[PDB]
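K.L.:
In PDB author numbering, the protein residues as written are 1819 to 2659.
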Amino acid sequence: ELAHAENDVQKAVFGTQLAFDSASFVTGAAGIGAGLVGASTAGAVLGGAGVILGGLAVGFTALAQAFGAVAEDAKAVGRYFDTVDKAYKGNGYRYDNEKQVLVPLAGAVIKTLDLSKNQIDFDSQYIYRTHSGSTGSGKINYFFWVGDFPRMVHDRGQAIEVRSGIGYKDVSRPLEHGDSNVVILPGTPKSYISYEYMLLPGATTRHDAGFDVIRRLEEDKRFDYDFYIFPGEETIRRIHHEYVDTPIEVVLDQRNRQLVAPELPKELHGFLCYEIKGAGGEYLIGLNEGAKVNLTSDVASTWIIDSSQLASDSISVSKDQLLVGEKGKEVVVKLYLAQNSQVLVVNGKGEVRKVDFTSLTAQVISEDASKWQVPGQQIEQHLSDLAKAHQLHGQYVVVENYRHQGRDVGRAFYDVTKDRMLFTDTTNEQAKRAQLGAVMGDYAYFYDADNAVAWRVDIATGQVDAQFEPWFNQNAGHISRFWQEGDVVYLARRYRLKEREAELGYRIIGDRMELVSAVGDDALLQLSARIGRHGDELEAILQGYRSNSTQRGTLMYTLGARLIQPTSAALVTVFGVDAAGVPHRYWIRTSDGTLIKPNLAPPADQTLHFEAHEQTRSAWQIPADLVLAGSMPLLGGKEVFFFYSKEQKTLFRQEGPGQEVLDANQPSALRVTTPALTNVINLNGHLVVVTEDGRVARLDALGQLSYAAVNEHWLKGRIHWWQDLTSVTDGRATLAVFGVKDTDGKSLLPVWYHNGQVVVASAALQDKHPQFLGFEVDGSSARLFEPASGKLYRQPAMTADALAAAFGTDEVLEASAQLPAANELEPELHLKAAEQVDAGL
């Protein structure tokens, strides 16, 4: 009757939606590099413990998708610095030996071509300096402050000023081949590079295209990459370029070579000026849009300009300069000719004009038709190639004094990939300098690094919408970090008080701003160590802070804001050093006001007792890295709470929130026995543990664990892992095997183990996300279900000899995939869902 809910069935732990790509990624990244997975930084909690039920294997998807999105940006940044190295490698230029053109490489920057000497003179791009607080090395040294994270020095005066950290230094080098030739002129300006950081598992340990170039640069403390902080490995998510006016110069020689200026993306126009200097001869300057050029023939010449690469062939002449193009967007040519050096203006066909400095006229002559200059196709091809690279770059560019609609909107950020998206949408002399923090799907978050304000921006590029107001606006300190994770965004405002510096951490979702952390104060922290239920106010934080006003509200330029004000969240953490040697930390369950109150038990080979005066303490002193893992119903009259500590690699279970008063003499959170615990994961409210030998087991309210898979780090190096897989559990084990690779060495082969039988999904199954189902009473026909097809299948078990054929000595399938093929089981049915049950399916 109704739904089944049957006991003994021995259904597999991971259940329905399991995909080996997502879980094998998440459990691999959790198995290395000393980071947590899926952790929150502002509040110290795993997995969003406010979510208490959901699909176990959906969490592996939600994690893998986010870390793939971070990995692709990280790789793009790598491929950029790879391209920069490949540009400075071989000194900025190549010669096309098949068609006799000198072509600039994509990414280098240059001061001048001493082309007579065939000698090239380089330039650096500058990257802003890394800076940070000092609570890590000293000061309030214990806990990991939120805002004390590496940040960027905004000021051009102190940037790491040199390319040479890529591995080599020079002023000049010889170019190998090019002379008596044609030359394309360099086409990228100098840049100031901004950067932005994001959490990425394995970032310290991956080796990908060009990452080594960045690893070479962070060897100087002025800049850091390949580094670790408490929540996990952090990496540069993306780049922003600020371009600076770049005078390249050219010094020609007594050979009638031809020059052409290269065509650049819409944003690069006007950042380049070319000094074309030389003597004698008849040299052609191929003009192009969005550049300035100067002619310095001061010995003698007659220099040619080609209009045909511009969209239009209209010209005007002036005693000092001439202009070519149309609609005012005409290339400015400044005409420092001497000794009756004169310019000839060539069109696409038939005509050249003599330009008259006295008449200001473009007198016709038919001296074109004269084979004076190279056919277009080769140059046009090279320019088509070069124009691609500058588009492909992606990333962002920063625009200063963006006049949107005549009105000057200040700084703007050109999204190279999309519709010019982000600018502040309002005219204010502070917001003119405002800093971009985070961007969403048609939302942008800006902030001021020095004043407590932040905006919602770019609602359909309309008006500015709302501004966020922290709980206090009247005292010194600043928003020390603005950063996002998982489409939520976190504010770490540092406050100054005449006692101490303090910090508050807010989380913003949608229209809500929420508080999730408070540093509080000793007089709060000791009155939190005891009885506590506070309701409408968090521990009288308001009466703990606002009494220390310093008129910082003089800087609250309220700018017509629709003010949004903080509201308090479930599981507000409170923490701080109460006194020397006594850390405290509590979680207020704001829904009910109770305190989660960790009473930690000394190591099993110790016990301590403490005097009655200090007795209001946890027995073991709370580690610096301690995080609430989510809490489960016990079915035994309480709720059970778990605490994790990555440095200690121990799990503490606690029944109920804790005592009404801390007793240091009988602890309450008990050090759970687990083998070599490497990490803990919370998935929609379900806990998962990863052992150091590479087994995975779910966990349940009595502290028991049931093994549920092995991992890549278990399969690696075993020559006959199907033998050793009997060792993972005492018996009646049903395991996925997340480590098995398809023959390409990239895809993952779905494998299970069940009562000694190994099931592998055959080539038709593999891409379909095969689910496992338990065996026919004949004990060889393993059932399977494939939810996308809706269809139910049957699949032979594979013998150890057949495994010895299908696999050599390795986790990767042989190309001789002599693999037992499936067949459908109940072809007449299309199934919404299939599950095991005691009576059957």
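Ideal placement from N, C-alpha and C gives every residue a C-beta, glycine not left out.
#1: Nearer than 7 Å: is that true of the beta carbon of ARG2536 relative to any heavy atom of the ligand HEM?
#2: If you measure between the beta carbons of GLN2285 and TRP2273, is that distance less than 8 Å?
#3: Would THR2114 and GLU2093 be called neighbours here (beta carbons separated by less than 8 Å)?
#4: Buried or exposed for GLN2589, please, with buried defined as at least 16 other CB atoms from any protein chain shown within 10 angstroms of its CB.
#5: Suppose you measure from the CA of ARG2238 to the CA of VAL2217; what does that come to, to the nearest Å?
#6: Exposed or buried, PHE2428, counting other C-beta atoms within 10 Å across all chains shown (16 or more means buried)?
#7: Only counting the same chain, and skipping five residues up and downstream in sequence, which positions put a Cβ closer than 8 Å to that of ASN2291?
#8: Quick check on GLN2160: does DSSP put it in helix, strand or coil?
#9: Could you check where the alpha helix (DSSP H) with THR1901 kicks off and where it finishes?
#10: My output table needs one value for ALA2249: the three-state DSSP class, helix, strand or coil.
#11: So who's on the other strand from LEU2649, going by DSSP bridges?
#12: What did DSSP end up calling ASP2276 once you bin it into helix, strand or coil?
#13: What residue range does the alpha helix (DSSP H) around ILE2032 cover?
#14: I'd like to know whether the C-beta atoms of residue 1775 and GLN2127 end up nearer to each other than 8 Å.
#15: Whole angstroms is fine: what's the gap from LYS2147's alpha carbon to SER2125's?
#16: Any idea if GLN2195 is buried or exposed, counting beta-carbon neighbours within 10 angstroms, 16 or more meaning buried?
#17: If distances are taken between C-alpha atoms only, which option among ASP2116, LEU2090 and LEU1836 comes closest to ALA2109?
#18: Less than 6 Å between C-beta atoms, sequence neighbours within five positions excluded: which residues of the same chain meet that for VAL2001?
#19: Just curious, the beta strand (DSSP E) that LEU2201 is in, first and last residue?
#20: Compare the Cα-Cα distances from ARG2225 to each of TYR2232, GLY2503, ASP2243 and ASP2233 and report the closest residue.
#21: Does the segment 2437 to 2447 come close enough to the segment 1860 to 1869 that 3 or more CB-CB pairs lie under 8 Å?
#22: Just the C-alpha distance for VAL2334 and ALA1860, rounded to the nearest angstrom, thanks.
#23: Which residue from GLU2355, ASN2074 and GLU2185 puts its Cα closest to that of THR2408?
#24: Look up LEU2517 in the DSSP assignment and say whether it is helix, strand or coil.
#25: Alpha carbon to alpha carbon, how far is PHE1940 from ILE1928? Give it in angstroms, no decimals.
#26: Could you pull the DSSP bridge partners for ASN2112 from this structure?
#27: Would the segment 2323 to 2342 count as touching the segment 1970 to 1987 if we require 3 or more Cβ pairs under 8 Å?
#28: What do you reckon, are the CB atoms on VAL2655 and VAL1831 nearer than 8 Å?
#29: Once the 5 residues before and after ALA2256 are set aside, which same chain residues still bring their CB inside 8 Å of it?
#30: Relative to the C-alpha of residue 1759, which candidate in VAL2192, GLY2028 and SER2132 has its C-alpha closest?
#31: Measuring only the C-alpha atoms, how far is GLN2181 from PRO2083?
#32: I'd like the ranges of any alpha helix (DSSP H) spanning at least 4 consecutive residues and lying wholly in the segment 2516 to 2576.
#33: In the structure shown, what three-state DSSP assignment does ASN2497 receive?
#34: Is the beta carbon of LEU2469 closer than 8 Å to that of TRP2438?
#35: What are the boundary residues of the alpha helix (DSSP H) that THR2368 is part of?
#36: Per DSSP, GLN2302 is paired with what?
P.N.:
Quick answer:
#1: You won't find the ligand HEM in this model; it holds no ligand whatsoever.
#2: yes
#3: yes
#4: buried
#5: 11 Å
#6: exposed
#7: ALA2270, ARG2370, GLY2371 and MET2374
#8: strand
#9: 1876 to 1906
#10: helix
#11: DSSP, once it has assigned bridges, lists no residue as partnering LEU2649.
#12: coil
#13: 2029 to 2035
#14: Past the edges of the chain, shown from 1819 to 2659, lies residue 1775, and the structure says nothing about it.
#15: 13 Å
#16: exposed
#17: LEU2090
#18: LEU1920 and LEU2077
#19: Not the beta strand (DSSP E): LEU2201 falls in the alpha helix (DSSP H), residues 2194 to 2210.
#20: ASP2243
#21: yes
#22: 7 Å
#23: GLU2355
#24: strand
#25: 4 Å
#26: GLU2093 and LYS2152
#27: no
#28: no
#29: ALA2262, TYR2263, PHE2300, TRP2301, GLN2302 and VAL2307
#30: Since the first residue of the chain shown is 1819 and the last is 2659, residue 1759 is not available in this structure.
#31: 34 Å
#32: 2530 to 2533 and 2539 to 2542
#33: strand
#34: no
#35: From DSSP, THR2368 is part of no alpha helix (DSSP H); its letter is neither H nor E.
#36: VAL2307
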